[PDB]
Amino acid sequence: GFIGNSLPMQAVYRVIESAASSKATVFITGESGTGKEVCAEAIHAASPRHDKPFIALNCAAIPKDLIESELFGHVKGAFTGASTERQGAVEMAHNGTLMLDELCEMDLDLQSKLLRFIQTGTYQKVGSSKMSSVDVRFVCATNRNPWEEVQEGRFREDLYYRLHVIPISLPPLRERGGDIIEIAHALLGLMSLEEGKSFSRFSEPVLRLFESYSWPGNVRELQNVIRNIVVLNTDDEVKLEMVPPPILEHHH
């Protein structure tokens, strides 16, 4: 679902294609704001299981005490807030692909349960001793340095070596050549649709700035910048005065 054919993304696309035909776990890393879910979905889409579900669990966007419920499900009354019975991500993903995003947010107890599940396919809903099984292809992702997490005792060593089979390091936006403006154009059209505007082009100074700035927040930061421009301005062309801070200030 990536845009562009920059040299470093070509390498990513070759690994996606080759990995897609295997069930081996993929382990994605990259700087803040790189497209980890886009990569995971591309692997699923290229795989023989593309017609089955792709499910992404963002472990950070769930309270830590509730990741297990989100992942494995829960029976009614399993814990104080369990108003009903819940199907876990692993069931939603059966015969498909499960992306565990921000995986290092899981506590060590949950990591142990995840490792059993990865080894066997077996799991239990929270609040239940009954065993179930599913078949999922795993893709993991993290913004942390997963090796560092292991060294500091926050991530299980056995889990790391079980998961770290096909690593993919996503290129940061500043290294992606012509992709930056191709992505910016796609965002410009989408945000214009969202906002009821009609931006269609960037001036030459804006192109130069977008192609020289370091984008420390990568594609998320680019999305913010295009959103800012389209929300605050009405024109067909993005002009340099429209670019928000601190893009220019930091650039210099």
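We number the residues from 1 along the sequence you see.
Taking only CA atoms, the mean B-factor in the PDB entry is higher for 60-68 than for the other of 60-68 and 22-30. Of the two stretches examined, 104-112 and 77-85, the record assigns the greater average C-alpha temperature factor to 77-85. Taking the PDB entry at face value, the top CA B factor among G153, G96, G177, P171 belongs to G153. Per the PDB entry, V126 shows the highest C-alpha temperature factor of the residues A141, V126, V90, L163.
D158: CA B factor lies in the middle third for its chain, per the PDB record.
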